[PDB]
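Laid out below as structure tokens are two forms of one and the same protein chain, each shown alone and named structure 1 and structure 2.
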Structure 1
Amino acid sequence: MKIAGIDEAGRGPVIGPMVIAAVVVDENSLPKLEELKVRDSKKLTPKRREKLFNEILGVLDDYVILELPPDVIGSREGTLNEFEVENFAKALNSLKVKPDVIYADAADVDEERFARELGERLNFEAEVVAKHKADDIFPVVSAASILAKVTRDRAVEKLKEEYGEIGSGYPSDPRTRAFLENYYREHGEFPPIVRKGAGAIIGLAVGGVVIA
């Protein structure tokens, strides 16, 4: 009995990687995840959550951490969760050990629809059930969400090391928006860690509007 969890740390990042994590555990090993109180990993400190990260990779039968590029500045931010299904499928279809059941985390969309569309994107037959905030409900989804989180936080902690305070890496985050302006103001262009293309979001730099 192979159970799988899938989730992704963050939704529409502008900086850092977009991370999708899919994990697979045998039914007999599922309990171990709850014993590790994974659903209670959010309160955990980053440094303490890496503790779980490893405790988890020990109990898992398989796993896949997909690291994708960020979204373009103001990139079709309108219901940007349109890649959710595609990205999740991608990850799940990369798994060595195919699961018999998949538990996903839905993005405020029609739960029953999400699971259906997702199931059809997989290249293997399996039962799929998803729902809002699944990480609080299912441990496997919880564990999966931890792998994504750590991976995204490490990569961003790495970026700060080179670009100083950059915020969370999202367009909604103040320190990030500010960080992106100062960089421009003092380099006449956006850093190589951001991609520009289409969209329109607030972002002014002494005169004109760079961010959009």
Structure 2
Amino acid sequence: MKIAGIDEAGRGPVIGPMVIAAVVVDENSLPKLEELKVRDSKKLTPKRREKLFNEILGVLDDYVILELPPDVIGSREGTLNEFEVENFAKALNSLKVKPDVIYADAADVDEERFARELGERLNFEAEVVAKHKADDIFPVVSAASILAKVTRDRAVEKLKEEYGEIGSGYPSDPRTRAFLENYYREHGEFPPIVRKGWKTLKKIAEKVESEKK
């Protein structure tokens, strides 16, 4: 049997892409993911995870990583939830090796709902298992999670080489906050690396205009 795991990175940041990654591993290769301790990789530094990333690739039968830029996210036709479901499906449907069973991180507050909707969007037969924090539960999802996180960090790293210190890209991050406030104060607009619909932008813009003297 072929087992697939699928997760996402970059859900709530205001800057950068959202990355959805799907991995496929043969049953016999599952112990390898445990050997790699993919489940205990949350505390790893980006460089150590990159090494893990490369190791994971060596045991996978197949994988798909979709890097969705802020332009794509912003032009979406549906809600962000629908967007996530839609792209999880696209990633799985793009796989060369079709999984018999799919383990997915439940984006939707309703795990059952997510599994149902994802499956209805697949163009092949498979059992879909969706759970909250599935990445702490199933090593195969943990693996996908690592591919998505690494891809996402690489993306932001590339952005820093072009815009300087932009932080992690999350509004909660002081550097990301300052970067956006200062850029708006200097240009009266936000850079083309932000997600146009994020409420964070409106608040920063209003704050900045408030200061003006």
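Residue 1 is the first residue of structure 1, and the numbers go on in sequence order from there. Think of the rigid core as the biggest set of C-alphas that the two forms share within 1.5 Å after superposition.
- Among the candidates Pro174, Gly58, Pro46, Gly164, displacement between the two structures reaches 2 angstroms at the C-alpha for one position only, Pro174 (superposition on the rigid core).
- Remark: with the core as the superposition reference, the CA shift of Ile73 between the two structures reaches 2 Å or more.
- Superposed on the core, the two forms differ at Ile15: its CA moves 2 Å or more between the two structures.
- Once both forms are overlaid on the rigid core, the distance between the two CA positions of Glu27 between the two structures is under 2 angstroms.
- We note a C-alpha movement of 2.0 Å at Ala107 between the two structures, with the rigid core held in register.
- Overlaying the rigid core between the two structures leaves the Cα of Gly188 displaced by 4.1 angstrom.
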